[PDB]
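Below: one structure, written as structure tokens.
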Amino acid sequence: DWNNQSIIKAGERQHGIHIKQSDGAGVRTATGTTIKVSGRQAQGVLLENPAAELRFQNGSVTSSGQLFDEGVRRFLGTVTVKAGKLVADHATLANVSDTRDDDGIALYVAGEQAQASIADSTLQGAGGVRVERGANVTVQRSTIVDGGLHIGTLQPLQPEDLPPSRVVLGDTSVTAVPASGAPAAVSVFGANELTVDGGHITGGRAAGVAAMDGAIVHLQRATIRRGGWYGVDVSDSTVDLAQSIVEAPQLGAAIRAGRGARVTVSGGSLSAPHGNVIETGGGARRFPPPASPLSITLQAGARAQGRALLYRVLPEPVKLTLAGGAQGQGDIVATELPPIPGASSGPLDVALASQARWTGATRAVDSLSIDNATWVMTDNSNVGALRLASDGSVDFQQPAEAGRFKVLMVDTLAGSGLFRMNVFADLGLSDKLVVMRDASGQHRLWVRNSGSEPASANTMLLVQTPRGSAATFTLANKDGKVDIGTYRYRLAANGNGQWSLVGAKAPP
Amino acid sequence: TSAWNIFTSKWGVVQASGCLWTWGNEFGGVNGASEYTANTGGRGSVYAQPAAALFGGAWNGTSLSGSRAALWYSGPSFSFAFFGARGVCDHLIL
Amino acid sequence: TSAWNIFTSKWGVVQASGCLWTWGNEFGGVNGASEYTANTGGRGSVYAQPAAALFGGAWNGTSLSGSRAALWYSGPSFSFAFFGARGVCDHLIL
Ligand SMILES: [Mg+2]
């Protein structure tokens, strides 16, 4: 229909190509047809027909005019689809204007019948791509140069009715330049879906990805960098991270989630060299019913490193889970003081499962459960309820400083697990495990020699438990003994649940 | 653990601080849901509702309490047994 | 769909709620651009500007409206055809 033309309309409110709401009901098409509209309040392309399909190839649609409608004062984009299908192939969509005057929206798809499939194209202007109000978009092998991607919004001063927006991305790369003002490089507000498959999400003033008020975001093989900033920021909505990579500066966190958020990280990697890997809270929503106590899961071999593995903002409950051989090294901290002295605070619960491995230290975790996994404990620690199962272990890490023992304090102990512990025989000192309220189940201690050659044979306290506790311990070093130089030690429980390591001169 | 008169202002305000937070008449601090919530004793809905200040500290914030102690977390619809109020009004000279 | 006198207050405030948002004299809620923006009609710039309160709800508001309906989203430079104002002042006794 349109071939190699040069439609330029400096004419004000004069649209490069416009398809009337009741125009022809069929397939349009345009090749090599570069467009420019300087006319104020006039887009390069406006599609408005629920029956018309526009195909735009090897062209270039650009506008300089200050675009925006006064149908509830929302500022359109240099190409706007309100009804019908748009197919873009190798196209440039640009929007040059002002900061205060125009938003600079390059592409705008809104409405229950608005469709777009951008392929091999590139989009620019400090407003980026905006989708909302029941629209469907698919973007492949493309670039959002400076304005970012934004699906849905919050309350436009009235009731949000329903119909979800769906957006799919095939390795494109979304950027949001500091200049563009945009708070997050990619953002999804409301009951809307975004599937990302590969690409570079980079930018955001505050975050890389923001999902809030009930979004569903599936990020797959994406990579997320800045270029206090957060990698991913969630709310009361679902975010899935498959084989993605997320880096964060000192002042930030790789993930922030709060208000009943649900985060799953499988495979991939999250680093925060001087900050937190995961942050919880900062945006209060208090309801007495235990809704979906905000939960994070690192599974399927996920890697996660930082100064702390989890920082809790206080007075929301959290459920951290390392499973499927995931490994996270950090620290897990809370705020020490609650905001309201004398009120209910729920628990900080971590669950280490199927082959996983947290390496760090804590005095913030309310209830830790290791099960066929290992907590490599790096320093003195405090846990409320400890529970083990199926070879769950708590490996006290071997100190580099000789003589430096570590102590784990626990409120209650249950189930059945293994504890690797360090022993300094020449000094008569050892790691200790103290249980303060209640102990029970069959546990195993494995002793590591870390201060060799003892002058005499000397007893060393290993485990402390209450009154007449029900807990049994057994020395797991083979034959129930450890030979430290010319001395043999065995474990003996003495008086009120106090398991020491006795030993004397080894049989000749 | 300490007597009431330890908390008596220069002006004879009794239990000035660290006995009960008084609600304030200033808003700011931590906001609630950025979305309409009907939590106002059934008299309309709030949106991005900021915290309503609390002053002085209560009996159980030991070191935290005092004449400048201030908590900007609680939404105005919050209710606790550490939250009361102290009245003020202008001074009129005629 | 409701008569004007449905929204008449105990003290005869006419159209008290559910007709227009009235601008409030309180700041809090959603902040704006954390950089100096000039949107004060040519009278200087604002940094990290907190929303101005709006009370009562408007005609569109549905069931959000009421004596305590409060919206902390709009900046002092925003304008809309459902944003009005009501006046108040002190009581003088002599
Ligand atoms: Mg004030």
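Readers should treat all values here as calculations from the given coordinates under stated rules, not as data from a laboratory. Note: ideal-geometry Cβ built from the backbone for every residue, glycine included; neighbour counts use all protein chains shown.
Here are the numbers for this structure:
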{"quantity": "Selection status of B:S74, crowded, with 18+ Cβ neighbours inside 10 Å, on the phi < 0 side of the Ramachandran plot and within 11 Å of chain C (Cβ to nearest Cβ)", "calculated": "no"}
{"quantity": "Breaking point among (1) part of a loop (DSSP other than H, G, I, E, B); (2) over 14 Å from the mean Cα position of the chain (by Cα); (3) more than 16 Å from the ligand (Cβ to nearest atom); (4) not charged (D, E, K, R), for B:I6", "calculated": "(1)"}
{"quantity": "Scan of region A:26-51 for residues that are assigned to a strand (DSSP E or B), within 30 Å of A:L154 (Cα to Cα) and of a type in the set (A, V, I, L, M, F, W, C), ordered by number", "calculated": "A:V45, A:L46, A:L47, A:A51"}
{"quantity": "Hits in region A:188-221 - residues which are surrounded by 24 or more Cβ atoms within 10 Å (Cβ to Cβ) and farther than 18 Å from A:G147 by Cα", "calculated": "A:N192, A:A215, A:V217, A:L219"}
{"quantity": "Total residues in region B:32-63, condition within 16 Å of the ligand (Cβ to nearest atom) and under 16 Å from C:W72 (Cβ atoms)", "calculated": "5"}
{"quantity": "Selected residue [more than 29 Å from A:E160 (Cα to Cα) and away from chain B (no Cβ under 14 Å)] from A:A222, A:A257", "calculated": "A:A222"}
{"quantity": "Failed condition for C:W21, given (1) under 18 Å from A:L154 (Cα atoms); (2) of a type outside the set (S, T, N, Q); (3) more than 16 Å from the ligand (Cβ to nearest atom); (4) buried (at least 18 other Cβ atoms within 10 Å of the Cβ)", "calculated": "(1)"}
{"quantity": "Test: residue in region A:267-276 that is within 14 Å of another protein chain (Cβ to nearest Cβ), crowded, with 23+ Cβ neighbours inside 10 Å and of a type in the set (A, V, I, L, M)", "calculated": "no"}
{"quantity": "Selected residue (criterion: farthest from the other protein chains (Cβ to nearest Cβ)) from residues of region B:24-56 that are farther than 23 Å from A:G282 by Cβ and not aliphatic (A, V, I, L, M)", "calculated": "B:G56"}
{"quantity": "Any hit, region B:64-71, residues being more than 9 Å from chain C (Cβ to nearest Cβ), within 28 Å of C:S67 (Cα to Cα) and either away from the ligand (no atom under 16 Å from the Cβ) or in contact with a strand residue (DSSP E or B) (Cβ under 9 Å, 6 or more places away or on another chain) (or both)", "calculated": "yes"}
{"quantity": "Subset of region A:316-373 (residues that are within 21 Å of B:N60 (Cβ to Cβ), more than 14 Å from chain B (Cβ to nearest Cβ) and of a type in the set (D, E))", "calculated": "A:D366"}
{"quantity": "Residue pairs meeting the criteria (Cβ under 6 Å; at least 6 apart or on separate chains; first farther than 17 Å from A:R221 by Cα, in region A:297-311; second aliphatic (A, V, I, L, M) and part of a strand (DSSP E or B))", "calculated": "A:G306/A:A272; A:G306/A:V277; A:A308/A:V333; A:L309/A:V277; A:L310/A:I278; A:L310/A:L320; A:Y311/A:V333"}
